[PDB]
Amino acid sequence: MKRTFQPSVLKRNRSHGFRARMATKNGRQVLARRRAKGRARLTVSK
Amino acid sequence: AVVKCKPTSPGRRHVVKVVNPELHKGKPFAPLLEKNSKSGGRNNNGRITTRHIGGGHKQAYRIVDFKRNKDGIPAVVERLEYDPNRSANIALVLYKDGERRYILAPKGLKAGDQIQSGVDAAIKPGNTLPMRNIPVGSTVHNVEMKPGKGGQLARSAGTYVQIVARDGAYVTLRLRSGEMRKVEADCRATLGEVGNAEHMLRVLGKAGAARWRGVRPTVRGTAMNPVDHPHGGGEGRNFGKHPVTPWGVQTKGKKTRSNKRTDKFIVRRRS
Amino acid sequence: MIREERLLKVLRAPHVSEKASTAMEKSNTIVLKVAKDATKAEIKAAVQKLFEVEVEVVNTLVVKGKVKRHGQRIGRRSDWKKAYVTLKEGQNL
RNA sequence: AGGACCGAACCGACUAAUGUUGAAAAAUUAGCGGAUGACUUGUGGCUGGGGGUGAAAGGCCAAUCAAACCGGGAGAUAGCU
RNA sequence: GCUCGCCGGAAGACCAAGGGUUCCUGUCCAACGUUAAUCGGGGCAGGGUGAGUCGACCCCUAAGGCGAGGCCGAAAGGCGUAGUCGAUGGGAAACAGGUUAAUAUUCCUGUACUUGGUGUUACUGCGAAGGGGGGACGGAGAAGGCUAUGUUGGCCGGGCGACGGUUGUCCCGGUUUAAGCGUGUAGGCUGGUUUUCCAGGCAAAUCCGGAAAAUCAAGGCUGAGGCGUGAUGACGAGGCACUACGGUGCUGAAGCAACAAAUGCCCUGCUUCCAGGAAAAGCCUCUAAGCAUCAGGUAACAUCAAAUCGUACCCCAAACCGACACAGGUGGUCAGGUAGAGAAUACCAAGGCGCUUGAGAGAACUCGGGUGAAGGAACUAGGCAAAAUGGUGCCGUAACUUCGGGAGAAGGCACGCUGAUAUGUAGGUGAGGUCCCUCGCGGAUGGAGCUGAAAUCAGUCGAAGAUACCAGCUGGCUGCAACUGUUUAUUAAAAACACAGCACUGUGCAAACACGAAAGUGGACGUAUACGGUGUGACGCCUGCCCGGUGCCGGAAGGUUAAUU
Ligand SMILES: [Mg+2]
Ligand SMILES: [Mg+2]
Ligand SMILES: [Mg+2]
Ligand SMILES: [Mg+2]
Ligand SMILES: [Mg+2]
Ligand SMILES: [Mg+2]
Ligand SMILES: [Mg+2]
Ligand SMILES: [Mg+2]
Ligand SMILES: [Mg+2]
Ligand SMILES: [Mg+2]
Ligand SMILES: [Mg+2]
Ligand SMILES: [Mg+2]
Ligand SMILES: [Mg+2]
Ligand SMILES: [Mg+2]
Ligand SMILES: [Mg+2]
Ligand SMILES: [Mg+2]
Ligand SMILES: [Mg+2]
Ligand SMILES: [Mg+2]
Ligand SMILES: [Mg+2]
Ligand SMILES: [Mg+2]
Ligand SMILES: [Mg+2]
Ligand SMILES: [Mg+2]
Ligand SMILES: [Mg+2]
Ligand SMILES: [Mg+2]
Ligand SMILES: [Mg+2]
Ligand SMILES: [Mg+2]
Ligand SMILES: [Mg+2]
Ligand SMILES: [Mg+2]
Ligand SMILES: [Mg+2]
Ligand SMILES: [Mg+2]
Ligand SMILES: [Mg+2]
Ligand SMILES: [Mg+2]
Ligand SMILES: [Mg+2]
Ligand SMILES: [Mg+2]
Ligand SMILES: [Mg+2]
Ligand SMILES: [Mg+2]
Ligand SMILES: [Mg+2]
Ligand SMILES: [Mg+2]
Ligand SMILES: [Mg+2]
Ligand SMILES: [Mg+2]
Ligand SMILES: [Mg+2]
Ligand SMILES: [Mg+2]
Ligand SMILES: [Mg+2]
Ligand SMILES: [Mg+2]
Ligand SMILES: [Mg+2]
Ligand SMILES: [Mg+2]
Ligand SMILES: [Mg+2]
Ligand SMILES: [Mg+2]
Ligand SMILES: [Mg+2]
Ligand SMILES: [Mg+2]
Ligand SMILES: [Mg+2]
Ligand SMILES: [Mg+2]
Ligand SMILES: [Mg+2]
Ligand SMILES: [Mg+2]
């Protein structure tokens, strides 16, 4: 059947991309948390 | 002309249409057109704020001269047209200086008839005058509430307003609802009624017809669970409560008008 | 006009393969490895200057580097640019 | 002409058998309903949790819903095992 | 390699989305592959994606987003103006043939096209952030004209048949050619031209709109296809030379017609209906400020430029989404033959496959199927399941009905092949030839050739002629719900929800109401023949009594009564 994940690069980057996170202070807190934890991959972008 | 369809299918059995062969059959006047994309009853928050609105046919907006301020120049009716945005028909008119406009079509107006607006126009349908110059007891439509603002009353198909009394700066009007309202005498109005008075005689016939007009289905409150409506619940069909809106306000008789600013212009409520 | 230093940096290596040899013997085309940011005009000017031959047209493509493994480690080779440079039929660089 | 008719694609899901450590965390096979419409489908967009949306089943909101998920208050409290 | 089997509106082909080297070549078989493996989408190494014309980028906007100032908000922020983004839509230009192990509309050959810059020559009113035109738009239906494509014939090359016959009214194969450029055709739309005047187009306008004459009565815009050319070229069945047996190389016949024909093209057309059917730019054209023997523009001609990014491969799937090499899911395009109404279905073509454990045996029992004496629902909660019906034409068809229906009611008859009517009919298409004119892609006539149903009469085979596949069971009484729809994704599809219709009630517009500390937004660019809420639920005949209780509506004499004082 049709499962819940249907990949779409445009929708993925618009929803969770670097510029989408940087656009609000809550997204910037997401990025700050992930930098503090030391994530190699900050967002989905690459 | 009210023509009812033959019952060649159950969806057609009860259909009663309104047909006007006098109405233009080609495209509308293009330079007076604008887009009006649909809302679904959603506001700028994206939330549904009016229920049961959605879909329907695509419509173009026709700019309609509700102000009728081109004063002095005679105009002639070119053709009567269908407007999807309102219940009344509209008339494309040509002024003697080559300017074309859309106006609301009064009853009786046909191609070739002469209209005029202004203080010095005559007493005949389609002519706009200040209500100061319109005799007491005339039938009018497209009435202004403030001088210069544009017609706001008696606009739908078949409606009119009566000038009951003129006294000083104000005129007393009897509205279609039966309310007696005062308006400034400088406010303009058009002689005659709004045409297409047969609009109320139509019968849609089927659910799809209401869907074509952008009206989504209504679910009764008594048909749902108590979490999502005050009427909800019941083992079987139960009510046991005073009817309310979905937000709890009594919905059979409770008055909701609350406007002290405009109370001084209501001579008598519709009752 | 492209400076001489730039032109000296744009050309990297003459690409070697069977297809490149065949291009040389059939269409008088040499194939080169160039700078990732080198444009067609920069490559044309650099070939005409540094190799002293007449070019009419240059064809470029970017190659993707391959993912590999080195003792279970995930690595990747770099992208690079390859140039198909056609010479005006009398040069044999 | 038609929310007309029979019937493929397409959309759905009425019966039965199989399967039930499945080929499948909802399918297969034989039949079944709609099939120019209140139809169906691609792409993108908006509505956010006592909130949404709901032709209304407390349905659905990422295999989760009489109050999603993730982190925190947090070693909640547990006269109970 | 030879046979056999399977798909062939797919199990072939080509793409988008998604993936990202899975592509090709050499090599290796530890692990991976549900077995072995010399094989692999596995390991390792190397190679492989070539663009002015395809796409992105770019220009333009939709929904929507962001948003200088601004409005609003304890703060964080919210909304929004000018703007600026945002395709799933509008905007310039390339085709055929060849070629690699792997790319090709990108390389090569042949033949084309577009936009823009610079220059030179010749003529000249050029000029926008402003005006106008255009771009520019729905559903259904009908007809004609075409092509894609196919079939047959002519032509050309080859054949004379493993077993009776096969020099013919025989067998096999081929018989292809583009964009561009000229022609402007079937057909579609529109009356032209030249003057004078004007309350309109935020000012000006020579443009658009309006008005009045004169003049001719045909001019203009669009347009599939064909024809010519492109092409003395390319491709070509087959032959002949090597073969390193993978194929390379050379040559090269015919390359015509008729009929049939799309759901594709003319056609964004035409007819018709209501539910009345994007935007903005490119584009064409008006002028304002301003330049004015200059710039600018028109035409021609030469010359330069057209960057950058993608391009391999899979793509109804072993490479995407489902933990798997998973009977699941996944948008668009292409569309041969025989039969058939058909994109159903059966067998085939092109093409692609035999599904990554096999070998035996031929117990019970399970699963999927076939047949069955006599009986025929006796089974069972229940005809569950199965059996049955099933096509076309024609005859015929009841109660009841809202006059449409019911109805494919029910029921029945005919149906293959051969000959004749008729060496091939009705119909369709249509060459020659004759003639007419404003000479053409004209017109009138004329009919060779090609194609071609259906019916009647007579014969004839079989148990059986709608012979396979495919393909309604029918009727009688009654409950509920008017009907088509909708629903518990994953045990409920219903009598439940919705529905057209009906009633009550609120709402006078800065509407009621809803979302929001607010600003605002929706309702609505609507205005009581409108909008919101509530109940009922097509239609027909109807809808009785009670205002004590609770709610709402109205009233304001009297009692009681807050802050405050
Ligand atoms: Mg409503
Ligand atoms: Mg209703
Ligand atoms: Mg319920
Ligand atoms: Mg409640
Ligand atoms: Mg009860
Ligand atoms: Mg009771
Ligand atoms: Mg090139
Ligand atoms: Mg490239
Ligand atoms: Mg139907
Ligand atoms: Mg469903
Ligand atoms: Mg099935
Ligand atoms: Mg049906
Ligand atoms: Mg059907
Ligand atoms: Mg769920
Ligand atoms: Mg709770
Ligand atoms: Mg605590
Ligand atoms: Mg604990
Ligand atoms: Mg205890
Ligand atoms: Mg790999
Ligand atoms: Mg391979
Ligand atoms: Mg071994
Ligand atoms: Mg093994
Ligand atoms: Mg491999
Ligand atoms: Mg915007
Ligand atoms: Mg904003
Ligand atoms: Mg600001
Ligand atoms: Mg933009
Ligand atoms: Mg696009
Ligand atoms: Mg390939
Ligand atoms: Mg043809
Ligand atoms: Mg069709
Ligand atoms: Mg490719
Ligand atoms: Mg397998
Ligand atoms: Mg699978
Ligand atoms: Mg599908
Ligand atoms: Mg089939
Ligand atoms: Mg057996
Ligand atoms: Mg059995
Ligand atoms: Mg049997
Ligand atoms: Mg028996
Ligand atoms: Mg028997
Ligand atoms: Mg019997
Ligand atoms: Mg019994
Ligand atoms: Mg019994
Ligand atoms: Mg049954
Ligand atoms: Mg059966
Ligand atoms: Mg016969
Ligand atoms: Mg009973
Ligand atoms: Mg029903
Ligand atoms: Mg139904
Ligand atoms: Mg269920
Ligand atoms: Mg079910
Ligand atoms: Mg408002
Ligand atoms: Mg009811």
Side-chain angles (χ1 to χ4, degrees), chain A residues 1-11 25, chain B residues 6-14 17 28 35-37 39 41-50 53 56-61 72-73 82 84-87 94-100 145 152-159 175-177 179 181 196-197 199-200 203-213 216-225 227-228 231 242-247 249-257 259 261-262 266, chain C residues 17-19 22-23 26-27 29 39-41 59-64 66-67 82 84:
Chain A
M1 284 74 74
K2 184 186 199 182
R3 297 307 166 176
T4 60
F5 176 61
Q6 307 290 317
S8 178
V9 177
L10 177 74
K11 284 177 81 185
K25 64 91 176 179
Chain B
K6 293 197 166 171
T8 72
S9 52
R12 291 281 294 203
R13 182 177 294 278
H14 301 293
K17 55 172 68 182
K35 66 186 284 282
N36 49 315
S37 67
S39 76
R42 274 93 166 150
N43 79 336
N44 52 354
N45 290 354
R47 299 271 184 102
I48 293 158
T49 67
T50 305
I53 297 173
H57 206 286
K58 189 175 196 171
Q59 294 157 335
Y61 186 71
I73 307 101
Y82 176 87
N85 301 276
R86 72 195 63 260
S87 59
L94 182 63
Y95 292 82
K96 311 304 295 155
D97 54 80
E99 155 157 32
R100 273 180 183 82
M145 318 180 77
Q152 282 186 288
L153 320 179
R155 279 160 44 150
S156 293
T159 63
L175 307 177
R176 278 291 296 175
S177 64
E179 174 189 295
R181 200 209 163 90
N196 202 36
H199 156 85
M200 65 180 288
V203 178
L204 278 297
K206 53 176 206 171
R211 307 300 309 277
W212 301 335
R213 288 150 163 87
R216 291 196 87 250
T218 303
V219 185
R220 295 163 297 116
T222 195
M224 63 184 73
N225 300 114
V227 64
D228 51 44
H231 296 178
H242 300 121
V244 288
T245 67
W247 304 270
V249 187
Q250 198 264 6
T251 191
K252 295 288 177 69
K254 179 162 210 323
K255 291 186 203 341
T256 66
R257 166 181 171 87
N259 192 324
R261 178 178 52 89
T262 72
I266 319 292
Chain C
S17 66
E18 288 184 37
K19 193 190 196 291
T22 300
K26 169 161 276 185
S27 307
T29 287
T39 78
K40 285 182 182 179
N59 278 11
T60 59
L61 66 95
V62 177
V63 184
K64 308 314 181 284
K66 287 186 186 155
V67 188
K82 154 152 64 176
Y84 284 97

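Hydrogens, waters and symmetry mates are skipped; everything else that's a heavy atom, side chains included, is used. All chains are named by letter (A, B, ...) in the order of the sequence lines, taking the proteins before the strands, and each is independently numbered beginning at 1.
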Please give the distance between the [atom1] atoms of [N] and [M] as a whole number of Å.
N	M	atom1	result
E:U272	E:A142	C1'	10 Å
E:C348	E:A463	P	31 Å
E:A307	E:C108	P	15 Å
D:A13	E:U487	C1'	13 Å
E:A11	E:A350	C1'	15 Å
E:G310	E:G52	P	15 Å

Got a second to check how far [X]'s [atom1] is from [Y]'s [atom2], nearest 0.5 Å?
X	Y	atom1	atom2	value
C:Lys19	C:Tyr84	NZ	OH	3.0 Å
B:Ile48	B:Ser39	CD1	OG	10.0 Å
C:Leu61	C:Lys82	CG	NZ	5.5 Å

Give a yes or no on whether [M] and [N] pair, Watson-Crick or G-U wobble, both distances under 3.5 Å.
N	M	answer
E:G391	E:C415	yes
D:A16	D:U29	yes
E:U366	E:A68	no
E:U152	E:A257	yes
E:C66	E:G83	yes
E:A260	E:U149	yes
E:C546	E:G328	no
E:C353	E:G5	yes
E:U84	E:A455	no

Does OP1 or OP2 of [N] have a side-chain N or O of [X] closer than 4.0 Å?
X	N	answer
B:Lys17	E:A275	no
B:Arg211	E:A500	no
B:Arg13	E:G404	no
B:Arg86	E:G526	yes
B:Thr159	E:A528	yes
B:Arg257	E:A511	no
B:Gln152	E:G526	no
B:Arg47	E:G516	yes
B:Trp212	D:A38	yes

Using the sign of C1'-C2'-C3'-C4', would you call the sugar of [N] north or south?
N	value
D:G45	north
E:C403	south
E:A385	north
D:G50	south

Would you kindly check whether a donor in the side chain of [X] faces an acceptor in the base of [N], or vice versa, at under 3.5 angstrom?
X	N	value
C:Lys19	E:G50	yes
B:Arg176	E:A528	no
B:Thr49	E:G522	yes
B:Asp228	D:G54	yes
B:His14	E:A538	yes
C:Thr60	E:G50	no

Cut-off 3.5 Å, side chains only: do B:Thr262 and B:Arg257 have a donor facing an acceptor?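 B:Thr262 vs B:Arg257: donor-acceptor pair found between side chains.
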If you check every side-chain atom of [X], which of [options] has the closest atom?
X	options	answer
B:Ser9	E:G404, D:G2, D:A55	D:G2
B:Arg12	E:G310, D:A1, D:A56	D:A1
B:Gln250	E:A199, E:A528, E:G551	E:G551
B:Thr8	E:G404, E:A528, E:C320	E:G404
B:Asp97	E:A199, E:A76, E:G209	E:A199
A:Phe5	E:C497, E:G508, E:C321	E:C321
A:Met1	E:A278, E:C497, D:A27	D:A27

Would [N] and [M] pass the stacking test, six-membered ring centres less than 5.5 Å apart and planes less than 30 degrees?
N	M	answer
E:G424	E:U425	no
E:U251	E:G252	yes
E:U22	E:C23	no

Rounding to an integer number of Å, can you tell me how far [X] [atom1] sits from [N] [atom2]?
X	N	atom1	atom2	value
C:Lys66	E:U49	NZ	P	12 Å
B:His57	E:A278	NE2	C1'	13 Å
A:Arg3	D:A27	CZ	P	9 Å
C:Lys26	E:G98	NZ	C1'	10 Å
A:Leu10	E:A56	CG	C1'	14 Å
B:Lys254	E:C504	NZ	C1'	17 Å
B:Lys6	E:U401	NZ	P	21 Å

Check your understanding: If pairing requires Watson-Crick or G-U wobble contacts with both distances under 3.5 Å, which nucleotide is the partner of E:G26?
Key ->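 E:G26 is paired with E:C44.
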Please give the nucleotide sitting opposite E:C123 as a Watson-Crick or G-U wobble pair, both distances under 3.5 Å, or none.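 Pair assignment: E:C123 / E:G297.
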Are [X] and [Y] packed together at the side-chain level, in the sense that at least one heavy-atom pair is separated by less than 4.5 angstrom?
X	Y	answer
B:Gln59	B:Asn36	yes
B:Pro7	B:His14	no
B:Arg176	B:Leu153	no
B:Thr159	B:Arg155	no

### Query
Are the side chain of B:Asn259 and the backbone of B:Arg261 linked by a donor-acceptor contact shorter than 3.5 Å?
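Side chain of B:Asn259 to backbone of B:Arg261: a pair is present.
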ask   = For B:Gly158, does its backbone N or O pair with a side-chain atom of B:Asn196 as donor and acceptor, under 3.5 Å?
value =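 Absent.
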